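[1] Next input, structure requested:
(chains A, B, C, D, E, F and G)
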Amino acid sequence: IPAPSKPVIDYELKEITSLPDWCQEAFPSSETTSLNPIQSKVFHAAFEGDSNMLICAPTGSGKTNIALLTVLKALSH
Amino acid sequence: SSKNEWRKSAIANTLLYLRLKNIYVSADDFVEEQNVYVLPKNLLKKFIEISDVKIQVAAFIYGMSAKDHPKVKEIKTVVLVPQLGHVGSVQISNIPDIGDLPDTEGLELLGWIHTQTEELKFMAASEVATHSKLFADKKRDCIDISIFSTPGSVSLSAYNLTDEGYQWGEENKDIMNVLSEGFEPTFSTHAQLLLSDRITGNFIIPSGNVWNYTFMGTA
Amino acid sequence: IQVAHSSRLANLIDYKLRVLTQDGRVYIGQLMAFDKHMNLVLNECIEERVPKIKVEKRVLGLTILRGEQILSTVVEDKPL
Amino acid sequence: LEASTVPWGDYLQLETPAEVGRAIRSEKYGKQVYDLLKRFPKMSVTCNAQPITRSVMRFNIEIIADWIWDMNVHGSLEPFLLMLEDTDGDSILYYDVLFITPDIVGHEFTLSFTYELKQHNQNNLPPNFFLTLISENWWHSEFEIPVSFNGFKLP
Amino acid sequence: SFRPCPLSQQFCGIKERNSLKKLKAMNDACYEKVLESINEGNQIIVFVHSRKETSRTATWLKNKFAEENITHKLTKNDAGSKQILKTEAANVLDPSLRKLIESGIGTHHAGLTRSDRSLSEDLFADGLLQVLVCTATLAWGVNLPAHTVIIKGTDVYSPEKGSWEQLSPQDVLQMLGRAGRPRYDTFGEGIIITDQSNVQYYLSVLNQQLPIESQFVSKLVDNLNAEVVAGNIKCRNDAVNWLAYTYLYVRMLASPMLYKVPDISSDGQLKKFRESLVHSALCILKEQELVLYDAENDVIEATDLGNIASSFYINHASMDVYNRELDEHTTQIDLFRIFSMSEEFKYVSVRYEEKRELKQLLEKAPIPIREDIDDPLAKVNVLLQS
Amino acid sequence: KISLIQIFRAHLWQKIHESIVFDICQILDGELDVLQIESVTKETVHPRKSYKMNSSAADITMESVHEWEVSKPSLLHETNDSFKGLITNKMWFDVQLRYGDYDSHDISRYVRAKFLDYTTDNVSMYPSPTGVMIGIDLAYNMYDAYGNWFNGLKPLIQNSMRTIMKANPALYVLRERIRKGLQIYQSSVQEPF
RNA sequence: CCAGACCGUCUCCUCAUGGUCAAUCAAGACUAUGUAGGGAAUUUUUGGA
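    Residues are numbered from 1 along each chain as shown, chains lettered A, B, ... in the order given. Below you will find the coordinate block:
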């Protein structure tokens, strides 16, 4: 079976400099300086709404990062 | 097979509570003329539990005469002692010095108790000799409780001893199978023993808490 | 610079240590011995001067240092 | 210690450090051993029972603690699980976990409790129950004593 | 499609039936795959069913490549590499797996030393190990991806059933997850060596079709007991309410007929089914003296046993076992047996490579054994003693 | 020679010997207390001990509960014994295999000889001086035992021998092998099932 | 799993405390106890910046 399809781009790859002052050390080794395809939709959501959330995503694709973001958001209050 | 024999015995030892579901004795005629012993169902059970299927385990037993009948002997205190046991025989220490402890307001030396696996109507050479050694010039009229034990039921064979046995014991300690033969049934007069649940009793043990010196040969 | 999470003076014995004195002359040397006053016997003493800008050098001693005028001992690089 | 074939409590009993050293087959470290033996739990326990009425039975326990404390080895406190059990050691009558703190170790510390009896037991009563203090951490502490019932006639 | 390294799925599809030929065929296939890979500079993982299988597989691999070409796996000149190998070969690598390591096609499994296992893990990470034969530990635990991932076989043995089941979708997916490295490489090679008949089933699974179906039926009772202990289920209504929030309820709502449900018309929002479930729970619990319960009156309260269970996270079955097997006259020998019987050791089993050691033990064991070497309980007891 | 090799492949002789020993031990276990037996110790012998025909040693040593009053050296089959000769706490046994052959196929005599020798010879590391030499003849399937005896032992031994020859699995294996070599068979039924 | 907040999870040096050794006619190295002290004002850690 061939390699699965590459994702359709209807979004902005969210960068690290868009964050506040303290959150800029969430990505200390900012290699890309732009989040992966998955987090670009989840980033705003993570920041905006204090609601119950669910990420059905591939294995090894920014789960940790997402968690970190969530933690940061929590700490913000 | 020094390694197989012990392990198996140990394994068996789980099924020792089962040997007091059925308990019976050849009911001797009850006679007030001589002193009669009243043993309890718990102490005996405990003893059985402690004991081995093959090897002879044997403690001292103590108590005193109650005020209902001075002729009746109530076994209150079992006294478990230092001992090295074999199959059909056992090496035992001196008469216990137990004045120091409380609840011993003149508890008299009633005698001793032991296990075995051969249904006799008399005391064997390894037993009689031991008895003699224990009570040579100390107490002539003390009794013995030989408990026959086998899977299913135990049996309480109580015995007494005359003045002739002591002498024999004194002369004929180690070996002596022909002299035993000569002695034979005489003299082991069937003393009077009862088993009750209307009284109960307790255990004295050594300070080390290691009464059985089977594998502690040096100590 | 490599130096681990070391606990005490006993666990850091036989290491190349920078040593600093009261007036401001910087040293380097392998710490041989211990004492009550930290009279630390240096294996090879290269003393350095800074005038009252830039650091100089010397090489006279392989010394028994005295405790009174020492400020604080810094590790440079492990041996072997 | 393992190889000498001796009851453990004997060592505890021994008083002099020299003596201790002698008894270990090693004159060196004897003092250390002695120091650590006083740093092992040792309870000079006593207990006087007494009947309140026919059914209920009070038990005045006197629990002394002879050992010397150490925050490293012992820890925060010393839990000692008290079991009142029958003459045989067949069934438990009453139990309680007690915490020996650093403040207790040495004082004449009393402990009181009550126990209702069975019917048969009430009718005809035993020679003595067994009160048993055992350490949840320390090995071979397991101090057990005879709670006397000699001529204890109920009202 | 949003994955960093896209997963190239692949099936072998074995036609053979008899196990002696079939196995051989599988091995051949694996070899072929490996050959295809290693020529491209591909670091590769080969999953298997069992622990004992792995070593044998490795051995087989070693005997196959040496005939054709030893050179392609050890290609480098090895002045420093050799030294490195020497350093990290003969330190504490006990299981006769050191040879495999030396060869350069090693293995990691539950039953390899903590140090040894760590070394194995890092002998890939440092950048040396070509082939890696593996049990299903690595997929569950460790993040370390490895370009090519082959899954050898379908039939895993689960002590749950006591029978050789197919590879469960949830595990397979996990296994597939580790593949081409998201950081370094571009894409991933995912292969399943399997029986052709079950491929049709596997394909669907691979497409992520079989959903998260609830297995709360087994773990319900214990949970309920715990809740009771905590002190908020006072009636069956309360229990039902509690269950409402759980995923099982949701699952039932979605598709009831398979999960023991009678009908949708009478129940509606499982206002009977839930009750029934509760009742079922509370009979068994009652029997194990874990909670108090009456059928008509309906009043709940937590017992001491229940509390104990809650505290120590003891399974209900285990608790039940404890209840009967512990007795007034139970002795030192029996305690060990009882412990062994604990249901948390139902998945434990004696093995052949364990056996010599066991034999050695059970002669000189202090606490005796009523059971014997072939029984797992006995083994457990001896382990405890050790 | 070839035939013999075929028969006795996979260390057959040794296996047989050990099997016999095991059987004996089992028998002893089954009746320990009846013969006043404390422990029946299996010697951890050198693999060779069975096919050493120069030396010997004990296989199954034996320990008394109390004391055994053993008889004079004598044959396994004998009604007339007296247990008032010598005493011991420790006894032993020796299972001796030998491939008999027409001249030297008398087993009893052989047993008598070897017992007489290996007692007196210093190299045979027997623990005690009183024991028995049970001698099996593989090549004729004849046992006989020679040595000392305590009351109730001899009959038991005889019984064991009777059972052993019927049952012992290594001996049965040997027999089977022999049959194969020869292509003797037992009839069963001639027509095909 | 089980003890934890009313509570000192952990010490660099000298002396004493008792047990040892290595020893010469009355003196040193080692485990351990904190029950001792550390402005013995000057040879150091409590004042020549």
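[2] so after the strand or helix carrying residue E:58, what's the next helix or strand?
    Assessed by DSSP states H and E, residue E:58 sits inside helix E:51-68. As assigned by DSSP H and E, the chain's next helix or strand after helix E:51-68 is helix E:81-87.
[3] Just give me how far the helix holding residue E:58 sits from the chain centre.
    24 Å (CA atoms, centre = their mean, to the nearest Å).
[4] Residue D:153: what secondary structure?
    coil (DSSP: H, G, I helix; E, B strand; the rest coil).
[5] Pull the number of nearby residues for the spatially closest residue to residue F:99 that is not a sequence neighbour.
    Leaving aside its sequence neighbours, residue F:99 sits nearest to residue F:139 (CB to CB, 6 or more residues apart in numbering or on different chains; 4.1 Å). All C-beta spots, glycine's among them, are computed from the backbone N, C-alpha and C. Neighbours of residue F:139 under the rule other CB atoms under 10 Å in any protein chain shown: 16.
[6] Distance-wise, check residue F:139 relative to chain D.
    For residue F:139, the distance to chain D equals 54 Å [CB to the nearest CB, to the nearest Å].
[7] does that residue really touch residue F:104, like I thought?
    No. Using CB atoms under 8 Å, residue F:139 makes no contact with residue F:104, being 10.1 Å away.
[8] picking up where we left off before, ok, and for the helix holding residue E:58, which residues are buried?
    Residues E:51, E:53, E:54, E:55, E:57, E:58, E:59, E:60, E:61, E:62, E:64, E:65 are the ones in helix E:51-68 that count as buried (16 or more other CB atoms under 10 Å in any protein chain shown).
[9] Identify, from those residues, the entry nearest to chain D.
    Among those, residue E:51 lies closest to chain D (CB to the nearest CB), at 36.8 Å.
[10] quick one: that closest one and residue E:134 touch, right?
    No. Applying CB under 8 Å as the test, residue E:51 and residue E:134 come out as separate, 10.3 Å apart.
[11] can you list residues touching both of those two?
    residue E:109 (CB atoms under 8 Å, 6 or more residues apart in numbering or on different chains).
[12] Tell me how far the closest residue to chain F within chain A lies from chain D.
    Of all residues in chain A, the one sitting closest to chain F is residue A:1 (53.1 Å; CB to the nearest CB). Residue A:1 sits 60 Å away from chain D, going by CB to the nearest CB.
[13] Leaving out the residues flanking it, which one is nearest to that residue?
    Per CB to CB, 6+ apart, closest to residue A:1 is residue E:9, 4.0 Å.
[14] about what we covered before: nearest to residue E:347, out of the buried residues of helix E:51-68: which one, please.
    Ranked by distance to residue E:347 (CB to CB), the buried residues of helix E:51-68 are led by residue E:51 at 13.7 Å.
[15] residue contacts, the closest one?
    Applying CB under 8 Å, 6+ apart to residue E:51 gives the contacts E:109, E:110, E:111, E:135, E:351.
[16] Counting neighbours, which of the residues you listed end up buried?
    Neighbour-count burial (16+ other CB under 10 Å) applied to these gives E:109, E:111, E:135.
[17] How many residues are close by residue B:98?
    Using other CB under 10 Å, residue B:98 has 14 other residues around it.
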